[PDB]
Each structure stands twice: as structure tokens, then as C-alpha cells.
Amino acid sequence: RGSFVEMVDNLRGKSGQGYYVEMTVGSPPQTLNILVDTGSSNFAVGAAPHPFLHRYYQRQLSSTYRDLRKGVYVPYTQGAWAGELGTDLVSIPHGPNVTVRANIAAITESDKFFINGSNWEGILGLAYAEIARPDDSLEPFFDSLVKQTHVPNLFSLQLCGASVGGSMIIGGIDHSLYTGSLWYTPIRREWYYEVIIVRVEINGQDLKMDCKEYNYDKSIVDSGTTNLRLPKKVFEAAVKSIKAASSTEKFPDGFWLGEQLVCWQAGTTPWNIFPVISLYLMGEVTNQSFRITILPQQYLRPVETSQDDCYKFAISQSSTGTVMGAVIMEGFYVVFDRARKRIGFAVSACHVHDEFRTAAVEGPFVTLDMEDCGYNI
Ligand SMILES: [Cl-]
């Protein structure tokens with residue numbers, strides 16, 4: 001038992017449907033399952049019946065609910081919801097031992113937002129105010145937490161893939177959750193958790209694209225996204241290289257597009273067929289980088305006959321930059337060190353691997369002119 005032991009194993013989820021934490025809202029208490037999303041900045045909860053919701057927030061039963069008399073609308077990559085803003089008391093029973101008055105969006109209508117069978121009823125946007133709706137004046141949850149209490153301005157995520165679970169440690173780091181050393185990359189700007197990717201390798205083979213392409217028009221760390229999403233030119237090069245490294249086997253074109261699944265008989269997946277993938281990230285010292293390496297166990301996602309194990313290729317094309325989603329995060333313990341404007345990676349104690357290969361975090365490397373990689377708006 002480390003000091004943060006009561007926050008260990010506080011996340012649950014279904015594979016590919018996101019990881020959620022229990023949050024208790026209002027008075028008397030209403031506890032809901034809440035998607036942990038480092039790619040957005042609103043705290044919002046289902047607040048009316050929906051066919052995919054087991055429960056929802058009932059404002060009329062909360063004596064401490066305060067109406068802000070303002071509507072709110074959030075479009076996501078393809079889901080959207082509409083609702084009403086207010087504030088209420090919020091605690092995380094398997095999180096920090098504090099209660100805060102936070103902004104909460106009560107979701108009254110939605111389109112393709114709630115996911116049948118996901119078990120979550122709302123979303124906790126952990127990114128910065130810049131990207132909050134309706135605007136940056138709506139204080140996000142984590143900002144409220146830090147302003148109102150002693151809790152240190154840091155949280156960390158261990159997402160354990162392939163019924164999923166994990167840990168969100170709030171206000172610190174738990175050393176049981178990782179092995180080896182933590183390596184940090186700067187948060188380039190406080191909006192999304194924006195980072196800079198400086199090199200990409202597939203089975204040790206450099207893709208050799210200009211680093212500006214890897215970060216066009218941003219690279220972010222996003223726990224609410226399943227895939228590793230890559231800019232079009234990078235995606236095309238990566239697929240070409242992954243195909244070449246997996247030459248022993250042939251797969252249809254649509255498999256690489258995520259439009260076709262390939263299944264193996266139970267327990268026979270030739271993980272060895274597929275290459276490891278490395279992203280080099282900008283380090284904390286001039287001209288210094290480090291690399292994170294994931295396995296096919298991370299980027300080939302099981303889709304749940306019981307004797308067949310089917311997989312989807314979970315690297316996909318993006319037109320809004322690189323997104324380091326669960327495919328990346330499931331290899332690592334990831335420290336969102338807001339106080340020091342940096343994100344840490346270490347090998348996860350829970351990551352899915354085999355007897356031959358493991359995810360890795362290695363450094364240092366020498367990479368020159370990294371200040372040129374970032375996109376400028
Ligand atoms: Cl605490």
C-alpha cells in the first residue's frame with residue numbers, strides 16, 4: 001500500500017468504449033459513471049432519460065444545485081450534445097478526499113454521444129479552459145479542484161487494456177503503477193495536452209518524414225479517443241511501413257483502413273507477425289528526446305463465435321493532427337504534470353504484452369532543431 005492506494009483500480013470500462021470513474025454529484029448523493037477525457041474540458045452528465053443510460057442526474061432532487069441560466073452545446077469528432085449549465089457539489093469517492101462546487105452541464109438531448117453498453121453516463125473533460133464550451137470563462141473541473149482545495153495540480157492515468165480497468169491518481173504519482181523511469185515531454189501550450197513528436201519508427205525503421213508532418217496541425221494526448229490517429233501523409237507512410245514489416249502475412253486493404261476485421265482461432269494470434277511502433281517525443285533538455293514504443297497488443301484491438309478472436313487495426317487517419325489515444329496510453333503510466341507543464345511516460349505495470357516483447361520508454365536520444373516541429377497558427 002502506497003499513500004495513494006485508495007485510488008488504485010478506480011477505473012473501469014469496456015474495450016474501445018472508454019474508461020470511466022465514479023463521481024458523486026449533489027445532495028443527497030447521486031453517483032454516476034463518468035468517462036475520463038483528457039481531450040476536452042467540460043464536465044457534463046446525462047440529466048434526462050435515454051435508452052442507453054441506466055441512470056442520470058436528477059437536478060430537482062439535489063438541494064445544492066444552482067442553475068446558471070445558460071445553455072451549452074458541445075460538438076465532438078462526430079457526437080454532439082446539448083444541455084443546461086449549473087453548479088453542484090462534486091466528489092470522487094475513489095479519488096481525492098475533498099468536495100468541490102464545480103460547473104456541470106446537464107445533458108438533456110444528444111446525438112451519437114452515449115454508447116450502448118459502455119456503462120458511462122457523463123464525461124469529465126480534464127483539459128484546459130481554452131477549449132471549454134461555451135467559452136474559456138467556464139472553469140473546468142480540475143481547475144476548480146485545484147483552486148478550492150490543497151490537491152496538487154497533477155493527475156496520472158494507468159489505462160489497462162484487454163472488461164478493462166485502470167487507475168486515475170489525483171494529486172500525485174503511485175509508484176506501483178509503473179516500472180523503470182518516468183520520461184517527460186513539455187506541454188507545448190495549455191489547451192489540449194499538446195506535445196511534440198520528433199521521430200517515428202516502425203520496428204526500428206525511421207519513417208523519415210519532416211517532423212512538421214507528425215504535428216500538423218497539432219499532436220495531443222487524449223484518453224477519450226480509442227485510436228492512434230495520424231495526419232493523412234503520416235498515416236499513409238506508416239501503413240506502407242507496417243505492411244512491409246508484416247510481409248509474411250497478407251491482409252486485405254480494408255483491414256488497414258479499419259473497415260475489415262481479421263479473426264484468429266482462440267489464442268493463436270501471431271503477435272510476432274506485426275511490428276512495434278515508436279514515437280520519439282521532445283524532452284526537457286535542449287536537443288534531447290526520448291521514445292515510447294508500443295506493441296501490436298496495443299494497436300490491434302480485440303472486438304468481442306467465442307472460439308474466434310477478431311481484431312480491428314486501431315491506427316487511423318486524422319485531419320486534425322496526431323491523437324495519442326488509448327492505443328498509446330494503454331502501454332504506459334502517463335503523468336499529467338500540470339504544475340510543471342509536462343507529461344510523463346513510463347512502462348505500465350499492467351500493459352498487455354507477451355513473453356518476447358514489452359512496451360518501452362527509452363532515452364535519451366539526440367534530436368536537433370526540435371523547435372521547428374510545431375505548427376504555428
Ligand atoms: Cl486526497
Side-chain angles (χ1 to χ4, degrees), residues 37-42 73-77 79-80 123 125-129 131-132 134-136 138 140 184-202 206-207 209-231 233-242 256-258 277-284 287 289-292 294 299 313-329 332 334 336-338 341-343 345 367-368 370 372-376:
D37 187 14
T38 63
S40 65
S41 304
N42 286 84
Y73 180 89
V74 181
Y76 294 89
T77 303
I123 185 165
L126 290 166
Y128 298 94
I131 61 166
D135 59 43
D136 73 1
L138 193 75
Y184 291 89
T185 195
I187 294 168
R188 186 180 179 221
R189 182 155 75 86
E190 294 155 300
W191 59 320
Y192 298 95
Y193 291 100
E194 185 188 358
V195 298
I196 293 287
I197 294 164
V198 301
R199 186 180 171 106
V200 177
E201 296 176 346
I202 289 160
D206 189 349
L207 276 188
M209 303 182 68
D210 193 294
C211 67
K212 289 178 172 82
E213 298 287 0
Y214 301 143
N215 306 287
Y216 172 68
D217 59 345
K218 65 182 177 288
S219 294
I220 70 169
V221 185
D222 181 4
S223 65
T225 290
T226 295
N227 290 357
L228 171 59
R229 306 182 72 240
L230 299 171
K233 298 176 189 153
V234 183
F235 173 76
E236 293 177 14
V239 169
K240 182 170 158 70
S241 178
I242 293 161
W256 307 109
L257 300 171
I277 298 179
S278 302
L279 301 181
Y280 290 64
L281 299 171
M282 177 186 289
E284 290 211 286
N287 298 331
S289 63
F290 65 96
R291 78 181 174 211
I292 62 173
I294 60 161
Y299 66 80
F313 182 67
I315 305 175
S316 64
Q317 186 180 330
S318 175
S319 65
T320 63
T322 293
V323 184
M324 301 166 61
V327 164
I328 290 291
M329 293 187 71
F332 311 105
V334 181
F336 295 77
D337 185 353
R338 294 161 54 109
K341 285 182 43 74
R342 62 184 191 163
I343 295 168
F345 294 80
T367 309
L368 310 171
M370 294 187 290
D372 294 337
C373 303
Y375 177 83
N376 306 293

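Note that these values count all heavy atoms, side chains included, but never hydrogens, waters or copies made by symmetry. All residue numbers refer to positions in the sequence shown, counting from 1.
Without hydrogens or angle criteria, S41 side chain to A129 main chain gives no donor-acceptor distance under 3.5 Å. The backbone N or O of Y375 sits nowhere less than 3.5 Å from a side-chain atom of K212 that would complete a donor-acceptor pair. A donor-acceptor contact shorter than 3.5 Å links the side chain of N215 to the backbone of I197. Checking side-chain atoms of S241 against main-chain N and O of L207 turns up no donor-acceptor pair under 3.5 Å. Distance alone, capped at 3.5 Å, places no donor-acceptor pair between the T38 side chain and the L126 backbone.
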- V234 and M209: CA distance, side-chain angles, deciding distance, side-chain contact (heavy atoms from CB on, under 4.5 Å) verdict: CA-CA 8 Å; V234 183; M209 303 182 68; 3.9 Å; yes
- Run the side-chain contact (heavy atoms from CB on, under 4.5 Å) check on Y193 and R338 step by step: do they pass? CA-CA 9 Å; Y193 291 100; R338 294 161 54 109; 3.0 Å; yes
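Not counting sequence neighbours, the partners of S40 by the side-chain contact (heavy atoms from CB on, under 4.5 Å) test are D37, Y76, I123. For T225, the side-chain contact (heavy atoms from CB on, under 4.5 Å) criterion is met by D222, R229, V323, not counting sequence neighbours. With sequence neighbours excluded, the residues forming a salt bridge (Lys or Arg N to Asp or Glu O under 4.0 Å) with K341 are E190, listed by chain and number.
Nearest heavy atom pair, residue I196 against residue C373, reads CG2-CB, 3.7 Å. Annotation for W256 and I242: closest pair CZ3-CG2, 3.7 Å, computed over non-hydrogen atoms.
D136 places none of its side-chain heavy atoms less than 4.5 Å from the side chain of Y128.
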